[PDB]
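Contents: one structure, followed by commentary.
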Amino acid sequence: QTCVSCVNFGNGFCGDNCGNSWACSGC
Ligand SMILES: *[C@H]1O[C@H](CO)[C@@H](O)[C@H](OC)[C@@H]1O
């Protein structure tokens, strides 16, 4: 199990890699 700063998804949303998702522009 590992988690990163920010993971992009669909080139619009981000994830904590732990189970969190939120709209982002690019960490
Ligand atoms: C967190 O680090 C892990 C190291 O093994 C890696 O497997 C995982 O890949 C989603 C994530 O980068």
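Think of each number as a place in line: the chain as shown, counted from 1.
Recorded method for this deposit: solution NMR.
Any Cβ shown, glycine's included, is placed from N, Cα and C.
Swiss-Prot lists a disulfide bond between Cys27 and one candidate from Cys6, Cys18; that candidate is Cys6. Swiss-Prot names the disulfide partner of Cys3 among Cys18, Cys24 as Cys18.
Spatially, by CA atoms, the recorded positions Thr2, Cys6, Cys24, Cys27 include one closest to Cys18 (disulfide bond), and that is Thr2. For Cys27 (disulfide bond), the number of other Cβ atoms no farther than 10 Å from its own Cβ, over all displayed protein chains, is 9.
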